[PDB]
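Step one of this worksheet: look at the structure below.
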Protein chains: 4
Amino acid sequence: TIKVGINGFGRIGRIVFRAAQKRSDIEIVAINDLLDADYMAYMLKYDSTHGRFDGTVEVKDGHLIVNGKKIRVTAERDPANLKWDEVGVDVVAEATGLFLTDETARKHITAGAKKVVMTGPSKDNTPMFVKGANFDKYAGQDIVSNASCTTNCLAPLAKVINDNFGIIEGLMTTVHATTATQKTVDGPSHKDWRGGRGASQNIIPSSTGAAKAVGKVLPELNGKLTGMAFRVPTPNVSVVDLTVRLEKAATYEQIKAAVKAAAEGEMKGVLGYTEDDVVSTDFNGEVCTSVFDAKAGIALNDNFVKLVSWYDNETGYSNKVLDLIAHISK
Amino acid sequence: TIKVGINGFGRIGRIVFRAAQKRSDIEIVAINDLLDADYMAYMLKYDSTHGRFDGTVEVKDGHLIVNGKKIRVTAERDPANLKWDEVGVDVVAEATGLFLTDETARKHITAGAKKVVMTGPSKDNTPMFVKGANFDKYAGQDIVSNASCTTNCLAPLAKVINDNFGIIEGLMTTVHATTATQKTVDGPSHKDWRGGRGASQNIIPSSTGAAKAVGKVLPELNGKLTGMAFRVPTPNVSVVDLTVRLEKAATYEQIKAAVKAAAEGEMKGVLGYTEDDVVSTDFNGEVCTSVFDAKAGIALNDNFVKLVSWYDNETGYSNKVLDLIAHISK
Amino acid sequence: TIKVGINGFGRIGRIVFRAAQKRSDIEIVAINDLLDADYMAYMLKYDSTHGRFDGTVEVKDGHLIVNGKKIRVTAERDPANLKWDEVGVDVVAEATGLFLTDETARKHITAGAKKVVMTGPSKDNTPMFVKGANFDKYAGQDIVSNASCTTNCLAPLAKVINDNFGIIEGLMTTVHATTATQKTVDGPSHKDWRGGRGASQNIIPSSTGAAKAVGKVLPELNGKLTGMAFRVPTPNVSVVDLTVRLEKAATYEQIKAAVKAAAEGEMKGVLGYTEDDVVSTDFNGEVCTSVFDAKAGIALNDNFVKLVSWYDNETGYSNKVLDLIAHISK
Amino acid sequence: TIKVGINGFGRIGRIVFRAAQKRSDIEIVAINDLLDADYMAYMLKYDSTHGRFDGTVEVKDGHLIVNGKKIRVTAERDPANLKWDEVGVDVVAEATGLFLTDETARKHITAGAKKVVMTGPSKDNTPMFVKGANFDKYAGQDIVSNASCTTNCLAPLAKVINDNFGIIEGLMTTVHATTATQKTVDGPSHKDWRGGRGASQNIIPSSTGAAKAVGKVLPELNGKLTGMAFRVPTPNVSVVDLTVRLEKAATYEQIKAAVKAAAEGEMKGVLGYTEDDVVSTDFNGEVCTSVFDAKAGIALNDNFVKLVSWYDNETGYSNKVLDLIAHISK
Ligand SMILES: O=P(O)(O)OC[C@H](O)CO
Ligand SMILES: O=P(O)(O)OC[C@H](O)CO
Ligand SMILES: O=P(O)(O)OC[C@H](O)CO
Ligand SMILES: O=P(O)(O)OC[C@H](O)CO
Ligand code: NA
Ligand code: NA
Ligand code: NA
Ligand code: NA
Ligand code: NA
Ligand code: NA
C-alpha cells in the first residue's frame, strides 16, 4: 500500500481524499493544513457539489478517524517540519498551491517523504505528467506535477487527434465552472480584474493553465495550440471546445471512430466517448479526464473541425493525481 | 413617424416596445397577444433583466396608455383578423415565433399592414437582413426577417475580417445566455433533449444555424463558416468566439485596427470596440449588436486567430429590428 | 410485492420511480405519459439534480427494460384507457397533476387498478395523508392523496411541538427551491404573475396552502397555522421556518429533546434531527420529510420560538408516496 | 456643500459614491483604499449589479477625474495619516469594516475630518441612527453609525407597527442576497462554518446584524424582537419576513392603511408601500430602505401577523448613509 500525506485540504485535497477511499493500493495517513481537526471533519463530511462523505468521520484527540482509521492532523506552515517519516508517508499530495517549485516542494523530502506530486502546474521545470499523454515518459523523478484539470482534458484528446490525423494548428476554449479564486460579488482581484467580477452574474473571459502546457507534455505539439477560458456560473464540470486544422483529411465519422477506439482501448479510463444528449451535470463525479461528446462537435470540412470534450475539473483531476502517485511508485 | 404593431409580447416584443419609446421615428400603436391588458402592463412595467419601465403605464378599458399614448390591445390568434388598418399600422413586428413563412406572415398584410418584419430567421425563402452586413441589398420586399441575435453578432464581425484579410474558413461557438425556451428543472423538450435540462444547473450544448445563416446575408462566406452554442446560467448577454483562418497575414494589432476603424466609421452603432476588462453584465442593455473584445482574443500566428465579440441578445437584436423597420420604410 | 403504475413522468414520477428501485415491497410495472420510451429512458438515465440512474436502462420495441425488468410504456391521455389490469397494477401513483378529484382519479380504477395515490393535494374532499401525522387514520379508502412536500415537512414537526407544548398559533415561511412550474426568464404565468418572473434572478413570494392543509391532517391544529413561501434560485431542497407561540413554557433545550426523542422513536425515518452546521445541499437526496436544524432555530423566550426544518422536496415526498402506497395495501 | 471622504472602496463605498453623484448637498472629494487609481476607476465604471457608471471616469496623475471633478486617491493603511484637512473633508464615510469603534474611527478626526459615519454597526457604544427610527435623537455626536442594511429595513417597519398596534413580541427572518463575505465554492470560513459553503448552490442559515440592534435604535422594543437570516443565490436585494404578536387588534386592511399612511407621509422616502406583484429584482436600485409588500403578507388573526418588506441591501443603505451625513451636518 502506498502511504500518502496530503498538504492542503482545499477542494483538490478533499476530493483526492475521497477518491483514495475507493482505492486499495493507496491509503491516506495524514493531512496537513491550517484548520482544526473538527473543521476538517466537517469539510470532509459535507460537500455542496459531491454530497455526503461515504463513510464515518470522527475526531479523537485532535486527529481524524475516517472509517475507523486514524489520520494524523497537523497545521505546519513550513513543510520542512512535517515529520512525514513518523507516519510512514511514501508520497505527498502537494495541494496548497504554495509549493510549485523543486526548491519549495523538496522540503517534503527533507521532512521524510520519498516523493511529491504537485496538484497543479509547476512554476519551474518540475516535469509534468498527464495520463494518456506522457505517463510513459516518467523516468524515476522524485518530484512531479500532474499539470492542471484543463490540461488533463485537452492533452489526451489532442494526442489521439494528432497521432491519427496530424494537428497543423489548433485553438481551444474551455467553458469553465466557477472556482474558489473567483468572487461572489464584484470585489478586489488586482492582478486579474475580470476575475474579481461577481461569478454567479457573469460570463468571465480568463486565461488558461492549459495554453502553456500541452506543449510541455506533448512536445510534438509545442507552438501548435493555444487558447483561453470563459468562466460561467456553474459550480463544477467544464468543457473543452477544440478547433483544429488537420493534416490528413478525416470525415467526422472517421474522427469519431478513432476517438472511440482510444477510449475503448489504450486510453480506457482516461478518455471517454459518448453519443448521448449529455449536459454538464451528467459528468459531476466523472473519473475520466476527457469525455468526447460526439454529437456536440461539428466539422466544417475534412480538414477543419471543432471537437468537444467534458471534464469534472475536481473529480477527474483528483483521480489522476492518485494515478500519478501509483505510477511513480511502481 | 412609422406606426408599428407588435404581434407577440414575449421577451423580444417587450424589449422592442421599450426600445421604440426612445426613438422618434417609430411609434408603437397596437399590441396583439393572448394576454389581458393588465397583465401586459405588468410585464412591461417590471423586468427582471432590464429593470422598471422608464415611464408611465396605465390600463384603461382593456387597452394600454403608455406615456400618455393609447395602445390598442387585441387577442387574435389568427393574424388575418387583426384589423391593422384601423390603427394605421405601417409595419408589423412579427414576434410570436409562429409566422415565419411568407404564407403565414402575409396574413398581417391581408389585415391591412403594409410590411412585416419577422423577429427571427424565416423558415422559407423570405429574405433575411442584418445591419452592417446586407441592409443595402434590401429591394422593397414587403415581408422580411431580421435573422437572429447570434447572426447579428457574427455577420458584422465576419464581414470586417473577410473584407480586410479574407476568411479561408471559420468555426464559431456562442456562449449563450439562458432563454425562454429552456426549463427551470429537468423537463420535457422532445425535439431538443439537452435543451430540456435544468438551465441554471448546466452548461448545455446546442445547435445554432446562425453561422451558416451568415452565408445567406454574406454570400461570399457561404459554406465557409459554421458553429454551435453552449447555453449557460446567465439571464442575458452572450458572446461569440470566432476561430478563423485568414488569407492575408495580419498581426493581432492589425486586426484590432481594422475592427476599430469599422466601429468608428462604416459600422458605427452596429460594431463596437473595447479594450477594457469587460464581463458579460457590462453589456446588459447594449445597443451595438457586436462588441469586439480586443483583450480577450488570441492569435496563434498571423493566419489563425480567435476573436471574441459580445452581444446583448435581447437589446441589440430588438434595436436592429427597429432599424430594419425604418430601413424598409425609406 | 405491490405492483405500481405511474401516471406522469415529471419530477415526482421519475423520483418515485428511482426510489421504488431501492424497495423490495414495491415494483413499478408500467409508466404512462405523452413521451416516447426512448425519451423516457433518457430522462430516467440522466438527472441534473440526483445524478445518473443507478442501474441499466434499455429501450426495446417501444417499452422500457430497467435493471432487466420490463416496464410497459403507454401514452394515453384518458386514464380510463390505461388497461392497468393487463399488467396487474395494484396501485396507481397519479403524478400528472391533472386528476386531483375523485371523479378524474377514479378512471384508473375503471381501468383496472385497485387504488390511487395522488402525488399532490386533492382538489375535492379526497382524504390526504402525511406520514407521521395521520397515516393511522387511513380507513380503506380506494383513492387518497399524499398532500404536498411542504405539508410533509410541517405536519410532523407541528405534531411533535403541539403534542409536547401546545401550539397556540403559528405562522410559517418556506424558503423553497425552484420548481418546474417556474420560468427561466420573465414569461407568461397568467394565474400567478410573480411565478412567471425569471426563477434564477429572483426571490419570489408565493402562496402556500400547506400550512392550512396541516389542519386537514392534524385537525387539532385547524385554524391555528398558516403561512407563505419564497421561491429562490436553487434547484432542489427547501426549508420550513416555523414561528409558534406555545402554551407550556419550554426552553430551547427542551424543544430539542422532544424533537430528538420523536426522531429516534415514533417518527423515525420521517422526522430527523441534526446539530451540525448544515446547508441545503446537505439534504439533496434526503429521505426524511422533515429534518430539524437545532442550531438554526431561535427562541425569543420560553413561549415564542422560531423552528427550522429541512426537506428535499423531491426525494422525501417521493419516498413517502411509496410509504402511502404500502400503507394502504396492508 | 458637504465635502466627504470615503475610506474603503468596497461595495458600500462604491454605491455611496454613485448615490452622492445625484445629490447637490454632498460632494465626494477623496477616496482612500489599497487600490491603484486606475483599478478604482475600473470598479466605479463597471458594476455587475447596477450597470455602467452614469458619467465619465478618467485617471490623471494618480487621481480620479469623475465628471470633470478631481478626486484625491490615497492608499493609507492608518487613518491617522489621511490628511483629510488638505482636501477640506467635512465628513468621512468609514466603509472599510475595520474601524467600528470610537478609538479607531476617531483617528479620522485627528487626521482633520470633523465627523465620521460608520457604514456598519458599531462594535462599541458609538450611537447608531436609522432614518425613520431615531434620526431625531441625534444630538451633535461627531462619530455615529448607520447600523446595517437589515436594521434599516426592519426598524422603520417595526416602529410604525409598534406605534400603532403595540408589538408584544416578534421574530424575524431576512431572506438575504449573497454578499462579499461568502465563498463561490465550499471553502474556509473557520468562524462561521455554514458561511463557507458555496453561495450559489445553497440556502445558508446565518445570524443577523439586525437582531442585536433594532433594540438599540428603538429602545422601547429592546428584548422584544430577534431573528436570523437565510443567505440565498441572488446577487442583491433582500426581504424581511416579520412575524409579530400585537397588543391592539388590527385587521390586515388596517395594518395596510397604517403602513401606507406612514409611507405617504412622515416616512416618505424611507418606508415604501406597494400592492403590485413584485419580486426581488423590482427593487434593484431602490432607494427606500423598507418597501412593504401588502400582497405578500398574511394574517392568521387580528393579533398575529406576518409582514413582508423589501430592501436593496446596497442602494437603500448607501443612500441613507448620505442622509445621515446630511443630518449630522445640519
Ligand atoms: O499516454 P501515456 O504515456 O500516459 O500512457 C498511459 C496509458 O494508460 C497506457 O496504457
Ligand atoms: O447593412 P449594410 O452593411 O449593407 O449597411 C448598412 C448601412 O450603412 C446603413 O443602413
Ligand atoms: O402517520 P402517523 O403519525 O399516524 O403514524 C405512522 C405510523 O407510525 C407508521 O405508519
Ligand atoms: O424616525 P426618525 O427620528 O428618523 O425621523 C425622521 C423622519 O424623516 C422625520 O421626517
Ligand atoms: Na484507500
Ligand atoms: Na511549521
Ligand atoms: Na417612439
Ligand atoms: Na422495487
Ligand atoms: Na454630489
Ligand atoms: Na498609513
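Values reported hereafter were calculated over all heavy atoms of this structure, with side chains retained and with hydrogens, waters and symmetry mates removed. In what follows, chains are A, B, ... by sequence order, proteins preceding strands, each numbered from 1. Indexing begins at 1, ligand by ligand and atom by atom, following the structure's order.
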Give a yes or no answer on whether the side chain of D:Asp142 reaches the backbone of D:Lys115 with a donor-acceptor pair at less than 3.5 Å.
no
Give a yes or no on whether the backbone of C:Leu44 and the side-chain of C:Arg18 come within a donor-acceptor separation of less than 3.5 Å.
yes
Expected output: side-chain C:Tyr138 to main-chain C:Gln141 donor-acceptor under 3.5 Å
yes
If only side-chain N and O atoms count, and only distance matters, is there a donor-acceptor pair under 3.5 Å linking C:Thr96 with C:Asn7?
no
Any donor-acceptor N/O pair, C:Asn164 side chain to C:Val160 backbone, under 3.5 Å
yes
Please state which protein non-hydrogen atom is closest to atom 9 (C) of ligand 3 and give its distance, to 0.1 Å?
C:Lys131 NZ, 4.2 Å
Below 4.0 Å, non-hydrogen atoms only: which portion of D:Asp136 touches ligand 4? Side chain, backbone, both or neither.
both
Between C:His327 and C:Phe135, is there a donor-acceptor pair closer than 3.5 Å when you use the side chain of the first and the backbone of the second?
yes
Which of the numbered atoms in ligand 3 are below 4.0 angstrom from a heavy atom of C:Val130?
1 (O)
Check whether any N, O or S atom of C:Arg23 sits under 3.0 Å from the Na ion (ligand 8).
yes
Suppose we measure from atom 8 (O) of ligand 4 to each protein heavy atom; which comes out shortest, and what is that distance?
D:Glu266 O, 3.9 Å
Of the side chain and backbone of D:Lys137, name the one, both, or neither that has a heavy atom under 4.0 Å from an atom of ligand 4.
neither
Which of the numbered atoms in ligand 4 are below 4.0 angstrom from a heavy atom of D:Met267?
1 (O)
Take D:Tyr317 and D:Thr119 through the side-chain hydrogen bond (donor to acceptor under 3.5 Å, both in side chains) test and state the conclusion after the steps.
CA-CA 8 Å; D:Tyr317 187 76; D:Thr119 69; 5.1 Å; no
Between D:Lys159 and ligand 4, is there a nitrogen or oxygen pair with a distance under 3.5 Å?
no
Return the residue, atom name and 0.1 Å-rounded distance of the protein heavy atom closest to atom 7 (C) of ligand 3.
C:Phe135 CB, 5.0 Å
Atom indices of ligand 4 within 4.0 angstrom of D:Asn134 heavy atoms, with elements
1 (O), 2 (P), 3 (O), 4 (O)
Indicate yes or no for a side-chain donor-acceptor contact from C:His63 to the backbone of C:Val73 under 3.5 Å, with no hydrogens or angles considered.
yes
Would D:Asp124 and D:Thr126 count as having a side-chain donor-acceptor pair, cut-off 3.5 Å?
yes
Could you tell me the residue and atom name of the protein heavy atom closest to atom 1 (O) of ligand 4, and the distance to it rounded to 0.1 Å?
D:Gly132 C, 3.1 Å
Residue-level breakdown please: for D:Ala133 versus ligand 4, do any non-hydrogen atoms fall below 4.0 Å on the side chain, on the backbone, on both, or on neither?
backbone
Contact with ligand 4 for D:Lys268, non-hydrogen, under 4.0 angstrom:
no
